[PDB]
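You are given structure tokens for the same protein chain in two forms, set apart as structure 1 and structure 2.
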Structure 1
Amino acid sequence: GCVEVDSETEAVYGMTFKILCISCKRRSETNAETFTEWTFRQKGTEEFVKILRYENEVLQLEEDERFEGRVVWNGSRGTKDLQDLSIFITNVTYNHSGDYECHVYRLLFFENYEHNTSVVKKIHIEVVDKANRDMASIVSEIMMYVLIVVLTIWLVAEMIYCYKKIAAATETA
């Protein structure tokens, strides 16, 4: 079912990049109505400017030239109960670097009870010129080969040590 998973934090200049914002309901069977406001402050700047608002299957964009014609929706389609609120940047620009707030406003419908839930997510991204492999991948790859070579050494080293013993035994017999 729903699994809250974190966005990556590094886009490639000139390419496409997806911002993940996932907020599961505590109880899956509950009934809700959700909508979103995304605010963004550029790096080296201190104020959060809203960029878009998504409600009832319609995406509203603000006028900011940083995002006109280059953000689209990848959230939950045709539901009015979102649980997945993501943004696709087409043609990433160095301008998109900075901090993003994924404000979620949720209205849960209960037996004779309605709750106004609000939750906020923080995503800090930085635009680079080239995608670079994660520390883990590289380290895991070098540690993989060493284990092979170490073991393989331990085997063959063991093999001759005992082969000489076998030769000695044969000679004595």
Structure 2
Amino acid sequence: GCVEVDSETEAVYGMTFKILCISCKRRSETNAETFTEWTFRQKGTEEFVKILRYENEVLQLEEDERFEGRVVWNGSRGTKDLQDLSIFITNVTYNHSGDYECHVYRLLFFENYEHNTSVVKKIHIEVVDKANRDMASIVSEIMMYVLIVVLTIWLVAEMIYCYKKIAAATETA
């Protein structure tokens, strides 16, 4: 169904990057119609400038300043229900580092009344120029080779313990 996954925080300069904003409704059976609103703070003081407004169908209204042509919608397409509002940056620069917020503005449709809600998800990304891989993809790759090598030495110690045991018991007979 719908799983809320957090976004990645390390971006690579010159490459592309995708910022996940997954907002799942509590009962997946209920109708809704949503839109959204992305705000972005630099490493500057305290501003949060609106950068886009994905309202509905394939129209996406954006472009105040600083980047036109390098932001693409990669969320839900042709639904109006939404539930996935992931932006996608082509050709990351060093001025895309900072703090992002997606504002989901749902409007639930019930059998007699309309109920307007709002969610905010906060995303903090970093532009580097050399992708550090992980920290659990270093420690677990070490611990695989450590466990494999220690388990063979647990055999070959025991294999040569018993091989010296049997030939010495042949000496006694």
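Throughout, rigid core stands for the largest set of C-alpha atoms superposing within 1.5 Å between the two forms. Numbering for residues begins at 1 and runs along the sequence of structure 1. Residues that one form lacks are left out of the comparison.
With the two forms fitted on their core, the C-alpha shifts between structures 1 and 2 stay under 2 Å for all of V120, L107, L147, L59 except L59.
At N132, the distance the Cα travels between structures 1 and 2 is 1.3 Å after the core is superposed. Comparing between structures 1 and 2 on a rigid core frame, one finds that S86 has its C-alpha moved by 0.6 Å. At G44, the distance the Cα travels between structures 1 and 2 is 3.5 Å after the core is superposed. Comparing the conformations between structures 1 and 2, with the rigid core held fixed, yields the displaced runs 58-67, 170-173, each spanning 3+ consecutive residues whose C-alpha shift is 2 Å or more.
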